[PDB]
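Coordinates in review
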Amino acid sequence: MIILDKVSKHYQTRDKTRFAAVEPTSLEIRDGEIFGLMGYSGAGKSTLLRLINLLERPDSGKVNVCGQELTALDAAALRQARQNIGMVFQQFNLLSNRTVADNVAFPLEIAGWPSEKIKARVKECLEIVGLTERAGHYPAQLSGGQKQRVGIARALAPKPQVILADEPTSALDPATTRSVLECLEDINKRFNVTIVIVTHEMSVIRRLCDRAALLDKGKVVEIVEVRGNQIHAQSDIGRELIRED
Amino acid sequence: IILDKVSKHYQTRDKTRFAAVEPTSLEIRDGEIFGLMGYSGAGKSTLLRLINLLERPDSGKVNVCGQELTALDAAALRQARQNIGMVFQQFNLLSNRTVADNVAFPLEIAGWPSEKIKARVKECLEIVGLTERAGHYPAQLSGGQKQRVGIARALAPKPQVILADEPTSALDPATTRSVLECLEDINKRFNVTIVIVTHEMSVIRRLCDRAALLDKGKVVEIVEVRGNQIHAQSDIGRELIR
Amino acid sequence: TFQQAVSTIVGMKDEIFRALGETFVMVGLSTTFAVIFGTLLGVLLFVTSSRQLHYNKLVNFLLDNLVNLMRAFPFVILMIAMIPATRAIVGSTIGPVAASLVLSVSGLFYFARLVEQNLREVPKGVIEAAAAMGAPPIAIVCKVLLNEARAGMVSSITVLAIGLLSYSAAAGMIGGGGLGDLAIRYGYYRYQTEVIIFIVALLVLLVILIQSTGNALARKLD
Amino acid sequence: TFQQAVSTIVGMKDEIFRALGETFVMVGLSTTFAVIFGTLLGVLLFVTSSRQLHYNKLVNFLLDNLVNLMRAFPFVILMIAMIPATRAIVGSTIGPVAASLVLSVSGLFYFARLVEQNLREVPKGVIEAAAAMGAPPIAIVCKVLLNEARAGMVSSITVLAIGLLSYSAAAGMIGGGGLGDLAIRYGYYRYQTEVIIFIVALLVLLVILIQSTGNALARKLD
């Protein structure tokens, strides 16, 4: 149940990074539902997802995650909290010089599990995505949809309470995009909550979001509830964002 | 603009992003906007190159605007390539010259007088509404402005055909709507017979007159999107439409 | 300190002004010929690998391997084996000009690799876009490649000049001229401080000056 | 004459073997220290460049300047100026081991430059995920960083080995370094043609063998 409170970021005039600035915003995501951060080319969505994880650090406010105020941890304690918040990336961010079973086993190895349990988990969370038939190959021998499945299966191996997804299926063609989203529905069966999925489009938002948020240049304008695969936006500048349907 | 027949099979060790195409024949009419559609690997991008005959086919004949391009010598082909405007997914525009110079580059190859080159470029910037940024350099423009410069360099030699290699794939919906209206205005005022590759049916519902659905390097069907609703008799066709 | 200053100024003002006069001619006359012939060779290394401007696998293979060999060979060994050939063209085995012939042959192959590397980083699309409008091959290479790699050549000639300065010091001992022919006199025999500190100080300042000039000009054009 | 030439070479049988066995002691011994210390130096350069272990800016500025300066500086001048310091450490100035110490010094800076450029080529996104999974900065430079760039370190070692071979010839004039000393006699003071072609052929063979082994090992690892 992530609750943010007057969080903000601004960058130097150098503006070396692609990420845009975010302005004071408070959002509460419930423990029983999936969320989504709609916007556009600059917007402020990508930095807002990193601010949940403190991979970007705010100038103000408190980031509260799972009942721990993460800006107060400021230590080797923070790198134990980041174990319970997983993440899947747009481009796949997979180690290329080790086999898929090891890519999946890498989070379990990092915590300090004995190898015997690591093997059982690598088997389980790898059959769940339906990829146990390719447990020996290398990322150079897989397709885009398969690489995204490896990312979901790595994200799931720490048994994380929250999974954060950054534009995961935008590159994928429609046939793969349906397969990767169906796998996310399978994840919602077990105790995995708040799968915040960032997207610069609406097809993904209507299909699997329970609630959604909209913005203009770092300022959230309106949060909607997606029922029967529609949106019914009340906001004015918001209506322009929804036309993407 | 007809392909009598064509094919190309890429030899291995070339590892090109392109995929092989098989015995296909097509007839884009005068004034028509015709869309090539298919998932990645359908071979739409390969089919587009074969028209300007950059990629040379293994066999068959390419008839563009009367001339048979396949039998032509290199010096004559350099005129056939000039006759066809092209735009690309990655902008592919020279970075060390100003917005005006990029439009002028095709006109200078054509050995045009320099006073004439000056007159046409101001007119071309006039059409794509970027006259104000004539002196700016291509590292200062947004993604949409870079595409609207690419369309102007394509229309500068007064072409009778344009080819479009999925130009809007990188653009958001708010800028995508403003560049598709430019291809509508160019077709309505000048009859340029534009051809277009894409992986999404949504752009076709916005722009095309007919379309070709490509699967594994062969056409399954030629649909009509003029009615504004794509309708497919086959099974593969009806899957791509969804 | 006056012992260092007095020693340096009186005796060494007669010798230092000769040694700097010999080092600038040894480097200046060699760099010009290396930039003028390395450009041509580096272009041929490229066009015969493009598939567009021209293609010929055999020539590409031969030229590439020859360039690799001549770049990996010890320069000092080549100069001492080339003394009769150098003595036929120059007419004399000793002098800055004689060391200048061997330096130009080593820079020629040295700069032919940098230009090709700079041309390989130009985006492939800008070549396909220029072939789309029927640009003749001699007009692609001249108006596209040598205008896009414009900012990459200047840094390349900055690295060649720093390279042919280090080679010049080695030449001064086998043959003649330079701060290398000065350093053996006050270092290998009669090891003498004061003068060795001055030789070390002058080189650092001159290396910094050439590097600063190269970066500023490259940044302007980019 | 052919038999006169070949008969001459077998007359030098003992000296040639000494030249080779003395060249290997200079290259084979300095490369180990170069790779042991340049690796640490390059890792230190890389970590202070990112948000891993630290983002010091002053330390990175100093270190980056230090390595550029100590690669720009000429090699022959450095050895002549290091005569007393080298003599004190080895107890001698003349000999292959004393010269190898100087070769190792230059090697650490060159290897660090190569390793830093290798590490700076891994995509940041893979390292970004390694931070999201709670791995401490030391774990980052051991499992995430090393696995991705190990295929490129072997190429760096291959280029370094050839780089130090060229320097050995320059130290040959002063340190009597095997083939470099052999080149100075029978090539300058005199000109024994049949023993010059032999040296050139032998060096070409060595260069080819090193390049070929390095390429194969680099290919098998990635």
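Let me begin by describing the structure that accompanies this report. (Residues numbered from 1 in each chain as written, not as in the entry; some residues may be left out. Chains lettered and ligands numbered in written order. Heavy atoms only, no water.)

**Examining the interface of chain C and chain D**
- In this complex, chain C contributes 29 residues to the contact, which on the side of chain D involves 28 residues.
- When chain C packs against chain D, the two sides together hide about 2600 Å² of surface, and 84% of this comes from carbon and sulfur.
- For the pair chain C and chain D, the interface holds zero salt bridges.
- Summed over the shared surface of chain C and chain D, the number is three residue pairs in polar contact.
- For the side of chain C that touches chain D, the secondary-structure elements that each account for two or more residues are α2 (57-72), α3 (75-81), α4 (83-90), α8 (150-174), α9 (178-186) and α10 (195-221) of chain C.
- Top contributing element to the side of chain C that touches chain D by residue count: α10 of chain C, with six residues. (Contact = heavy atoms within 4.5 Å. Buried area = accessible area lost by both parts, 1.4 Å probe. Salt bridge = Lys/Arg side-chain N within 4 Å of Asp/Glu carboxyl O. Polar contact = N/O pair within 3.5 Å; in protein donor to acceptor, adjacent residues only side chain to side chain. Helix = DSSP H or I, 4+ residues; strand = E, 2+ residues; numbered from the N terminus.)

**Considering the interface of chain B and chain C**
- Tallying the contact residues gives 16 residues for chain B and 17 residues for chain C.
- Interface area, chain B with chain C, both sides summed: about 1600 Å², of which 60% is carbon and sulfur.
- Summed over the shared surface of chain B and chain C, the result is one salt bridge.
- Linking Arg49 of chain B and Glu128 of chain C is a salt bridge whose minimum nitrogen-to-oxygen distance equals 2.9 Å.

**Section: unusual backbone geometry**
- A positive phi angle, close to 70°, is found at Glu194 of chain C, a residue other than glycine.
- Looking at the secondary structure, you find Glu194 of chain C in the loop between α9 and α10.
- A positive phi angle, near 75°, is found at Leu53 of chain D, a position not held by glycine.
- Note that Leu53 of chain D resides in the loop between α2 (13-47) and α3 (58-72).

**Section: the nonpolar core**
- Grouped together as the largest cluster of nonpolar side chains are 68 residues, with contacts concentrated most on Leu145 of chain C together with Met173 of chain D.
- Top element by residues in this core is helix α1 (residues 2-47) of chain C. It accounts for nine residues.
- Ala105, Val122, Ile152 and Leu241 of chain A belong to the second-largest nonpolar core, a separate cluster that totals 45 residues. (Core = buried A, V, L, I, M, F, W, Y, C linked by side-chain atoms within 4.5 Å. Buried < 20%, exposed > 50% of the residue type's maximum accessible area, 1.4 Å probe, protein only.)

**Quick look at empty space enclosed by the protein**
Residue and element names in this part refer to chain B.
- Here the structure, examined in full by the defined rule, presents ten cavities of 30 Å³ or more.
- In terms of lining, the largest cavity is formed by 16 residues, of which the most central are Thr168, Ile196, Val197, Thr198 and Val203.
- Taken together, the elements giving at least two residues each to the lining of the largest cavity come down to α6 (173-190), β8 (195-198) and α7 (201-207).
- Computed from the structure, the second largest cavity encloses a volume of approximately 110 Å³. (1 Å grid on protein atoms, 1.4 Å probe; cavity = no way out; pocket = protein on both sides within 12 Å on 5 of 7 lines; lining within 4 Å. Points joined across faces, edges and corners; volume = space filled by probe spheres on them.)

**Some points on the relation of the copies chain C and chain D**
- At an RMSD of 1.0 Å, chain C and chain D line up after a rotation of 179° and a shift of 0.0 Å along the axis. Both copies of the chain, as the preceding transformation shows, are related through a two-fold rotation axis. Using C-alpha coordinates, one finds that chain C approaches the rotation axis most closely at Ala170 of chain C, a distance of 3.6 Å. (Least-squares fit on C-alpha atoms.)

**What about the packing of aromatic side chains?**
- Scanning the model with the defined rule gives five aromatic pairs over all chains in all.
- Looking at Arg17 of chain B, its charged tip hangs above the ring of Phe18 of chain B, at a distance of 4.9 Å from the centre.
- Residue placement shows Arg51 of chain C over the ring face of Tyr55 of chain C; its charged tip is 4.2 Å from the ring centre. (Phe/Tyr/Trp six-rings, centres within 6.5 Å; stacked < 30°, edge-to-face > 60°. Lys NZ or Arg CZ within 6 Å of the ring centre and 35° of its normal.)

**Some words on the sheet that holds strand β6 (residues 68-69) of chain A**
All names here are of chain A.
- The strand order β1-β5-β6 describes an open sheet built from three strands, whose pairing is antiparallel. Looking at the sheet topology across the chains shown, the edges are occupied by β1 (3-5) and β6.
- Two strands pair when backbone bridges link them, and β1 and strand β5 (residues 62-65) are joined in this way by three bridges, in the antiparallel orientation. Bridge pairing in β5 places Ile3 opposite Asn64. (Pairing = 2+ DSSP bridges.)

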